[PDB]
């Protein structure tokens, strides 16, 4: 047994004093006060805010295949430091989780290494080559969270359609990185003012939106739950809004960097600012923010995308796409929108807990009695500077280094086991 003394919890739209008694994997009670019994491990929260653990539906753990970038150990250690207790890693690994053999090998690595709950995505097709559908019921039975189009995969509407029919059969989401291959044009950032100023090839908004517009109609015909990954363009948001209005089961996520930065924030040819989808225009960001606020975009997800230092030191035209984000997500968003803007702590917490869970019909995201002891303790009032030295991730490829932030996690617990202590 464990007891978290002195924390504050959210009730409606206010912080309130409450102690939390934990029995094994579950929490036994949440009470104004509670005296300890026998063999009680003590955690003193010291007045800090106690939140349900964050849930990240889009991370890259890199292992297997890319262990030098990140491992399941380092990646979930980074998640816990960011206050996340559940993450769902993408399938763009080697081997791809596209078979029972590969899923079982992965679950073993998770059992041995994961420091938080890991709900892995399956690919939609064998090796993500987009030529042959995986065995959907077989992967669901091995713990597949969703079936996901990441990388250069599904290349015809027919394959996406057939993939969606299979996911509808197993009551699982098709999750898609919307990117039309012929419309990438070798681009490395948003096609707009800045790409022209820097002489760097850009990616047009249409690369993303046209796939969303196709998939929502394929989803509607298949009767399946379609989820759009990290939305970046103003037109994508429109298409999702129109699709939801038509009664289609589409949901969508936005990343912290797309809420906070635009093409204008890119100081020069710097791959630290290179991710996919790219940081787009002020008009695009305004659309995303509007869409998250009116519910068109369901939740926030990080697209934590660790890469090695020498890789991200190269010019944008050569460097891989991606920035890390598990450790910086909440503090950045809390400081910008809550401490320094209109959002409430409750509103921010919901985008990271209950909303991801409602989207995928998950049981987590709440701080309730009988729920798992999935918690993070966060220091709301002290300022910390974001430094690569502090990252538990193996990587430090992020434009947020140097930012001064409030709302920093100091302790994360997964099923009653302290998994991070700052």
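Numbering follows the first chain given and starts at 1.
Chemist: Tell me which stretch, 351 to 359 or 26 to 34, has the higher mean Cα B-factor listed in the entry.
Modeler: Higher mean C-alpha B-factor: 26 to 34.
Chemist: Compare the mean C-alpha B-factor of 53 to 61 with that of 372 to 380 as given in the PDB entry, and name the stretch with the higher value.
Modeler: Between 53 to 61 and 372 to 380, it is 372 to 380.
Chemist: Out of 142, 317, 220, 303, which shows the largest CA B-factor listed in the entry?
Modeler: When the deposited C-alpha B-factors of 142, 317, 220, 303 are compared, 317 is largest.
Chemist: Select lowest, middle or highest to describe the third in which the CA B-factor of residue 313 falls within its chain in this entry.
Modeler: Highest third - that is where residue 313 ends up once the chain's C-alpha B-factors are sorted.
Chemist: Which third, lowest, middle or highest, does the CA B-factor of residue 146 fall in along this chain?
Modeler: Middle third, going by the recorded CA B-factors of the chain.
Chemist: Please say which third, lowest, middle or highest, residue 153 falls into when its CA temperature factor is compared across its chain.
Modeler: Within its chain, residue 153 is a highest-third residue by C-alpha B-factor, going by the deposited values.
Chemist: Please rank the C-alpha B-factors of the chain's modelled residues and tell me whether residue 235 sits in the lowest, middle or highest third.
Modeler: Residue 235: CA B-factor falls in the lowest third of its chain.
Chemist: Could you look up the Cα B-factor of residue 285 in the entry and say which third of the chain it sits in: lowest, middle or highest?
Modeler: Residue 285: CA B-factor falls in the lowest third of its chain.
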